[PDB]
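Asks: give me a 3D structure for the following:
(3 chains)
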Amino acid sequence: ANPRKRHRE
Amino acid sequence: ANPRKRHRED
Amino acid sequence: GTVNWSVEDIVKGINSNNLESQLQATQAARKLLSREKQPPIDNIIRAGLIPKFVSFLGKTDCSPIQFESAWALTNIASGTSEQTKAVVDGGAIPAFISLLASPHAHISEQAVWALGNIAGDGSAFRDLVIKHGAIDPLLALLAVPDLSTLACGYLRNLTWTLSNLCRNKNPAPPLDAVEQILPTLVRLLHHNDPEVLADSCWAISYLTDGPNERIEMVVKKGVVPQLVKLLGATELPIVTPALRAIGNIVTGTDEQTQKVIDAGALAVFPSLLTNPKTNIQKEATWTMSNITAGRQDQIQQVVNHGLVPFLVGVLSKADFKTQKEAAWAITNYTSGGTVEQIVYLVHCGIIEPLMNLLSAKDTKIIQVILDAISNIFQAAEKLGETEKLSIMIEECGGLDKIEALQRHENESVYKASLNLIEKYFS
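Replies: Residues are numbered from 1 along each chain as shown, chains lettered A, B, ... in the order given. There you are, the coordinates:
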């Protein structure tokens, strides 16, 4: 839904 | 802290 | 008695046709496998003892040998993947699931432990344990009016094994298995034992580490407020998985993120963003960066809670990986924020610690920071205040960094540096 969200790095 | 497997010494 | 047997003696006793001889040899095997330094797991496997142990699991008329072989197989299963596979190859999964209904608590507990080790190996063995039907007998053991009447160690083992049935991601656990487990997980999340709570949060953190549909299954069970409460626990083994769960949930939709905000999570973050364990700070700042990636009213809640000065803090001083999450937090903030919100960032002192991080050799954090500066200048253009910001960047040595970055091996470090110079530093 929100493309600005980042998964864990 | 959250090990996948646990050994039992008891 | 049964201390310090050779493997050859263990085989001799198990291969006799005397149940009591086999019991003593099996216990001796259990004691060998129970030592901390280098238990002879491979020697036991090589002697062909796993089929016998599994067969002993079914001896209902001799419960001690059920217990000793269960303990022995548990410890073999606790080793490498190949060692766990040998336990599975010997038919142990259905035999252990049959032991869950044992009238002897210590035997069913050992079966719970063993299945936890097998499921803990990975998603394939996890799903195989599920396919053999382990979930129903496991949940039946927790179908009591008050969890506090169960033995502490028993409850912790059930919780931990349940957490392994929720763990691992390629693939994630079957959807219907997660739905079956979740209401029991929610009940364990309200128990008062710190270890049950830690492993319960670990289970929730696994379940929320996936697509938004996985997050939604958890979020709509109403666990977010309880997760926020556990976020404030004094026990760090509780805070870490609670925070991992909360951060996972804010990777979802703005709606799922809003439920974290509604539950009051932001009020804990002054402590989390200054927490002495570096990994808490990293997770909390990553969480913050995904909140500043949300709507403007969610950015406003970050502002309201006084969290922008704390982001200035970790940007100014933190472990590098936490500093990069703070850079991301700022860039996300500047991408979605209003002019007033972006101006407030400058007033809190974001500019100079931002400029100092352009010293870093990490190429992606430089791209992140230059995108933030450009976005801040865009907010300055809409106010006729581009130059007051250029002098601010120049007075703290930021211009020397942007100007130097035109000679960078990456070809959009330069191509954003020179554009910043071309447009604002004429």
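
Asks: buried sites along the helix or strand encompassing residue C:164?
Replies: Using DSSP states H and E, residue C:164 maps to helix C:152-165. By 16 or more other C-beta atoms under 10 Å in any protein chain shown, the buried positions in helix C:152-165 come out as C:154, C:155, C:156, C:157, C:158, C:159, C:160, C:161, C:162, C:163, C:164, C:165. All C-beta atoms are positioned from the backbone trio N, CA, C, and that covers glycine.

Asks: and those as CSV, adding distance to residue C:341?
Replies: Formatted as CSV, these follow (distance: C-beta to C-beta, whole Å):
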residue, distance to residue C:341
C:154, 52
C:155, 47
C:156, 46
C:157, 49
C:158, 47
C:159, 42
C:160, 44
C:161, 47
C:162, 43
C:163, 40
C:164, 43
C:165, 43
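
Asks: just give the number of residues close to residue C:258.
Replies: 17 (other C-beta atoms under 10 Å in any protein chain shown).

Asks: wait, residue C:248
Replies: By the measure other C-beta under 10 Å, the count of residues near residue C:248 is 24.

Asks: what of the one 3 residues further on?
Replies: The number of residues packed around residue C:251, counting by other C-beta under 10 Å, is 23.

Asks: quick check on residue C:36: phi, psi?
Replies: phi -80, psi -40 (degrees, to the nearest 10).

Asks: so what's the closest residue to chain B within the stretch 201-350 of chain C closest to, chain neighbours aside?
Replies: Nearest residue of the stretch 201-350 of chain C to chain B, counting by C-beta to the nearest C-beta: residue C:202, 4.9 Å away. Leaving aside its sequence neighbours, residue C:202 sits nearest to residue C:241 (C-beta to C-beta, 6 or more residues apart in numbering or on different chains; 4.3 Å).

Asks: residues touching residue C:174, list them.
Replies: Contact analysis of residue C:174 by C-beta atoms under 8 Å, 6 or more residues apart in numbering or on different chains lists C:127, C:130.

Asks: from chain A, how far out is it?
Replies: Going from residue C:174 to chain A by C-beta to the nearest C-beta, to the nearest Å gives 22 Å.

Asks: where's that residue relative to residue C:217, distance?
Replies: 12 Å (C-beta to C-beta, to the nearest Å).

Asks: tell me the contacts of residue C:103?
Replies: Contacts of residue C:103 by C-beta under 8 Å, 6+ apart: none found.

Asks: and if you look at residue C:209?
Replies: C:169, C:244, C:248.

Asks: hmm, the first one is touching residue C:210, no?
Replies: Yes: checked against C-beta atoms under 8 Å, the pair residue C:169 and residue C:210 is within contact range at 6.7 Å.

Asks: residue ranges for the strands of chain A, please.
Replies: For chain A, strands defined by DSSP state E do not occur.

Asks: show me which residues of it sit near chain C.
Replies: Within chain A, the positions near chain C by C-beta under 8 Å from any C-beta of the partner chain are A:1, A:2, A:4, A:5, A:6, A:7, A:8, A:9.

Asks: okay if I get the residues you listed as a markdown table plus neighbour count and distance to residue C:73?
Replies: Formatted as a markdown table, these follow (neighbours: other C-beta atoms under 10 Å in any protein chain shown; distance: C-beta to C-beta, whole Å):
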| residue | neighbour count | distance to residue C:73 |
| --- | --- | --- |
| A:1 | 10 | 46 |
| A:2 | 18 | 47 |
| A:4 | 14 | 49 |
| A:5 | 19 | 43 |
| A:6 | 14 | 42 |
| A:7 | 11 | 37 |
| A:8 | 11 | 35 |
| A:9 | 10 | 39 |
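
Asks: tell me which of those is nearest to residue C:271?
Replies: Taking C-beta to C-beta as the measure, residue C:271 lies nearest residue A:8 of these, at 21.2 Å.

Asks: which residues does the spatially closest residue to that closest one that is not a sequence neighbour contact?
Replies: Spatial nearest neighbour of residue A:8, chain neighbours left out: residue C:286 (6.8 Å); criterion: C-beta to C-beta, 6+ apart. By C-beta under 8 Å, 6+ apart, the contact set of residue C:286 is A:6, A:8, A:9, C:247, C:325, C:328.
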